[PDB]
Each structure stands twice: as structure tokens, then as C-alpha cells.
S.K.: 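This is the structure, below, for whatever I ask next.
Each residue takes its place number in the sequence, starting with 1. The figures here come from the full heavy-atom set of this structure, side chains too, leaving out hydrogens, waters and symmetry mates.
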Amino acid sequence: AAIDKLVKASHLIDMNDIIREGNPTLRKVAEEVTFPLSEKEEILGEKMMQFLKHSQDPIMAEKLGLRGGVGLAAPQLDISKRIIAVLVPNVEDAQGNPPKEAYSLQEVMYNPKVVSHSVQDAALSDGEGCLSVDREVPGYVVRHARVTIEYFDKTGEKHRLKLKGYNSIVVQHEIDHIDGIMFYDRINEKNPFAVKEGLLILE
Ligand code: NI
Ligand code: NI
Ligand code: NI
Ligand code: NI
Ligand code: NI
Ligand code: NI
Ligand code: NI
Ligand code: NI
């Protein structure tokens with residue numbers, strides 16, 4: 001099966017492992033994982049994080065033919081399980097100094113969900129791109145500005161976390177994948193760039 005291919009020690013996830021728009025798995029509601037995790041599920045999480053690291057390294061990205069990513073969901077690998085990985089780098093300052101913290105968010109999350117959120121909505125000014133979508137898709141992807149999430153890590157430890165800004169957008173995008181929701185489902189059907197008063201546009 002798909003998972004057997006992905007969990008092989010020497011196997012590096014690349015674009016050929018990512019399923020594309022139209023594949024029914026992207027529209028399913030992914031199954032909850034049970035704890036303790038299987039070895040396959042633990043390894044898959046690790047491989048997913050590894051993919052994101054590789055995608056963000058200019059040379060490894062070039063070697064493996066990767067588009068940069070800050071998140072990945074298991075359904076995009078044809079694995080209908082509630083497993084996501086998120087990796088959001090902090091940026092250098094104008095002087096070229098590395099940030100205090102390499103990442104603002106770095107986690108492999110099992111059974112993540114939004115448990116509460118702001119009334120305020122937000123959207124990235126630049127829209128959103130999807131590793132499974134090989135089309136130009138313009139528009140504001142309207143999301144919650146702020147979310148409180150729960151998830152479990154690979155050990156089965158439960159976490160509760162409030163997110164805002166870009167990190168909030170990224171986690172919501174990944175949770176959507178495990179619910180069978182695509183970013184363009186949240187773009188206004190008539191005017192992609194419609195702005196409802198109070199929408200927080202993140203630059
Ligand atoms: Ni592969
Ligand atoms: Ni391990
Ligand atoms: Ni590596
Ligand atoms: Ni709770
Ligand atoms: Ni609500
Ligand atoms: Ni995506
Ligand atoms: Ni919601
Ligand atoms: Ni539409």
C-alpha cells in the first residue's frame with residue numbers, strides 16, 4: 001500500500017508521493033489515529049516533517065524537485081489519517097542575523113482540531129497555494145483569524161494551543177485537508193478578492 005512505500009528507511013517523500021486534485025482521498029474525512037501509535041504512523045509523521053525541512057532547504061529542494069511547503073497532511077500522500085506536519089520558519093533580520101528561534105511552529109500533530117476561534121476572520125494577502133493543485137488559483141482564502149487547537153503528539157501527550165497570524169492560517173489549512181476541505185472552498189465564488197468589512201488581511 002501507499003504507507004508501506006513511504007515508511008521505508010531510505011525513502012524520501014517527494015512530489016511523486018503527493019496526490020493531485022481529483023483524487024477521491026483528498027475529499028474524504030480522514031480517520032482518527034489510535035494510541036499507542038503504530039510504527040508506520042510514527043514513521044510517517046517523521047517522514048512528513050522531513051519533507052517540509054527538505055522543501056525549505058534550497059539545495060535539497062532542488063535535488064528532490066520540491067516546491068517549498070510549511071505544512072503537509074497525510075491525505076495528500078493518499079493516507080486517510082488525521083496526521084499533519086507544520087513547519088513555519090522565522091526570518092532573518094535586515095542585517096542577516098538568524099532569528100532567536102529557527103521556527104515559530106514545528107510540530108507533527110495527530111488528531112488535531114479547532115476547539116474554539118475568533119469571530120474575526122483573516123486571509124493571507126497573497127492567497128494560498130497547494131502542493132496537490134497544479135493550477136493558478138487567485139483569491140482570499142477566508143479563515144478564522146485566531147484559533148485554539150487541541151492535538152496529540154507522537155507520544156500520545158495532549159496539547160492545547162492558541163494560534164494567530166500566519167501560524168493560525170497554516171494549521172487551519174492542514175486541518176481542512178483531514179476533513180476533505182480544499183483552500184478554494186473558502187474563496188468567494190463571485191469575486192475572489194471580495195473583502196467583508198473587518199477581514200484581517202495578513203501581508
Ligand atoms: Ni516517493
Ligand atoms: Ni521514531
Ligand atoms: Ni535530510
Ligand atoms: Ni478540550
Ligand atoms: Ni465556530
Ligand atoms: Ni495543502
Ligand atoms: Ni472553523
Ligand atoms: Ni469556487
S.K.: For residues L131 and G68, report the shortest heavy-atom separation together with the two atoms involved.
M.R.: CD2-O, 4.1 Å
S.K.: Does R20 form a side-chain contact (heavy atoms from CB on, under 4.5 Å) with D134? I'd like the steps, not just the answer.
M.R.: CA-CA 8 Å; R20 309 306 161 105; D134 300 296; 3.1 Å; yes
S.K.: Among residues at least two apart in sequence or on other chains, which ones pass side-chain hydrogen bond (donor to acceptor under 3.5 Å, both in side chains) with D78?
M.R.: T25
S.K.: Could you give the distance from CD1 (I169) to CZ (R143), rounded to the nearest 0.5 Å?
M.R.: 6.0 Å
S.K.: With sequence neighbours left out, write down each residue that passes salt bridge (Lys or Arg N to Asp or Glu O under 4.0 Å) with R146, or none if nothing qualifies.
M.R.: none
S.K.: Under the side-chain hydrogen bond (donor to acceptor under 3.5 Å, both in side chains) test, which residues partner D153, sequence neighbours left out?
M.R.: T155, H159
S.K.: Can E42 and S38 be counted as having a side-chain donor-acceptor contact under 3.5 angstrom?
M.R.: no
S.K.: Within the side chain of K47, is there an N or O that forms a donor-acceptor pair under 3.5 Å with the backbone of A9?
M.R.: yes
S.K.: Are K40 and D4 close enough for a salt bridge, meaning some N to O gap below 4.0 Å?
M.R.: yes
S.K.: Quick one: which residue pairs count as a salt bridge (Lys or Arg N to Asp or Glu O under 4.0 Å) with a foot in residues 26-35, not counting sequence neighbours?
M.R.: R27-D185, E32-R82
S.K.: Test side-chain contact (heavy atoms from CB on, under 4.5 Å) on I84 and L72 and set out the steps.
M.R.: CA-CA 6 Å; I84 69 175; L72 185 67; over 6 Å; no
S.K.: Under a 3.5 Å threshold, yes or no: a donor from one side chain and an acceptor from the other, between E21 and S132?
M.R.: no
S.K.: When you check the side-chain N and O atoms of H54 and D14, is any donor under 3.5 Å from an acceptor?
M.R.: no
S.K.: For the pair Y151 and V171, evaluate side-chain contact (heavy atoms from CB on, under 4.5 Å) and give the outcome as yes or no after the intermediate values.
M.R.: CA-CA 11 Å; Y151 67 92; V171 174; over 6 Å; no
S.K.: Which residues satisfy the side-chain hydrogen bond (donor to acceptor under 3.5 Å, both in side chains) test with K53, sequence neighbours excluded?
M.R.: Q106
S.K.: Could you name each residue pair satisfying ring pair (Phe, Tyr, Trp, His ring centres under 6.0 Å) that touches residues 57-110, not counting sequence neighbours?
M.R.: none
S.K.: For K158, what residues pass the salt bridge (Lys or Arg N to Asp or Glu O under 4.0 Å) criterion, not counting sequence neighbours?
M.R.: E150
S.K.: How many angstroms lie between CG in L64 and CD1 in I59, if you round to the nearest 0.5 Å?
M.R.: 12.0 Å
S.K.: Between CZ of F183 and NE2 of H173, what distance do you get to the nearest 0.5 Å?
M.R.: 7.5 Å
S.K.: Which atoms form the tightest heavy-atom contact between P75 and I178, and what is the distance?
M.R.: CD-CG2, 3.8 Å
S.K.: Quick check against the 3.5 Å criterion: does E107 have a side-chain atom that pairs as donor or acceptor with the backbone of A85?
M.R.: no
S.K.: Using every non-hydrogen atom in the two residues, find where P99 and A102 come nearest and quote the distance to one decimal.
M.R.: CG-CA, 4.4 Å
S.K.: Which value, rounded to the nearest 0.5 Å, describes the distance between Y166 atom OH and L124 atom CG?
M.R.: 6.5 Å
S.K.: Under the salt bridge (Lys or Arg N to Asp or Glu O under 4.0 Å) test, which residues partner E174, sequence neighbours left out?
M.R.: none
S.K.: For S104, which residues count as a side-chain hydrogen bond (donor to acceptor under 3.5 Å, both in side chains) partner, sequence neighbours excluded?
M.R.: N167
S.K.: Would you please test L163 and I149 for side-chain contact (heavy atoms from CB on, under 4.5 Å) and show each step?
M.R.: CA-CA 8 Å; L163 302 166; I149 68 173; 3.9 Å; yes
S.K.: Taking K196 first and then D121, would you say they form a salt bridge - that is, a charged N and a carboxylate O separated by under 4.0 Å?
M.R.: no
S.K.: Tell me which one of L87, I79, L77, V108 satisfies side chain to side chain contact (heavy atoms under 4.5 Å, CB included) with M48.
M.R.: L77
S.K.: For the CD1 atom of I18 and the CG atom of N16, what is their distance to the nearest 0.5 Å?
M.R.: 9.0 Å
S.K.: Hey, any chance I175 and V29 share a hydrophobic cluster, counting ILVMFWY side chains that come within less than 4.5 Å of each other, even indirectly?
M.R.: no
S.K.: Looking only at heavy atoms, which two atoms of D93 and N97 are closest? And how far apart?
M.R.: OD1-N, 2.9 Å
S.K.: Decide, yes or no, whether a salt bridge links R186 with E128 under the criterion of side-chain N to carboxylate O below 4.0 Å.
M.R.: no
S.K.: Is there a path from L161 to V115 through hydrophobic residues (I, L, V, M, F, W, Y) whose side chains come within less than 4.5 Å of each other?
M.R.: no
S.K.: With sequence neighbours left out, write down each residue that passes ring pair (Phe, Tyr, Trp, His ring centres under 6.0 Å) with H144, or none if nothing qualifies.
M.R.: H117
S.K.: Any ring pair (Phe, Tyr, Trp, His ring centres under 6.0 Å) pairs touching residues 64-99, not counting sequence neighbours?
M.R.: none
S.K.: Given side chains that start at C-beta, do those of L44 and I3 come closer than 4.5 Å, heavy atoms only?
M.R.: yes
S.K.: Can you hop from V133 to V141 via hydrophobic side chains spaced under 4.5 Å?
M.R.: yes
S.K.: Cationic tip of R135 within the cone over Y184's six-membered ring, i.e. under 6.0 Å and within 45° of the normal?
M.R.: yes
S.K.: Do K154 and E41 have side chains that approach each other closer than 4.5 Å (heavy atoms only, starting at C-beta)?
M.R.: no
S.K.: Looking only at heavy atoms, which two atoms of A61 and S55 are closest? And how far apart?
M.R.: CB-O, 3.7 Å
S.K.: Taking only residues two or more places apart in sequence, or in another chain, which ones meet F152 in a ring pair (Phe, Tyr, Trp, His ring centres under 6.0 Å)?
M.R.: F35
S.K.: Taking side chain as C-beta onward, heavy atoms only, is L6 less than 4.5 Å from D17?
M.R.: yes
S.K.: Are the side chains of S168 and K162 in touch, meaning some heavy atoms are under 4.5 Å apart?
M.R.: no
S.K.: Quick check: do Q50 and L12 have side-chain heavy atoms less than 4.5 Å from each other?
M.R.: yes
S.K.: Measuring from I187:CD1 to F193:CZ, what's the distance to the nearest 0.5 Å?
M.R.: 8.0 Å
S.K.: Okay, side chain of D57, backbone of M60: is any donor-acceptor separation there less than 3.5 Å?
M.R.: yes
S.K.: Do other residues, nucleotides or ligands put more than 12 heavy atoms under 6.0 Å from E92 CD?
M.R.: yes
S.K.: Check the hydrophobic clustering (I, L, V, M, F, W, Y; side-chain heavy atoms under 4.5 Å; chains of links allowed) and say if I181 and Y140 are grouped together.
M.R.: no
S.K.: Taking all non-hydrogen atoms of both residues into account, name the closest pair between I19 and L26 and its distance.
M.R.: CD1-CG, 3.9 Å
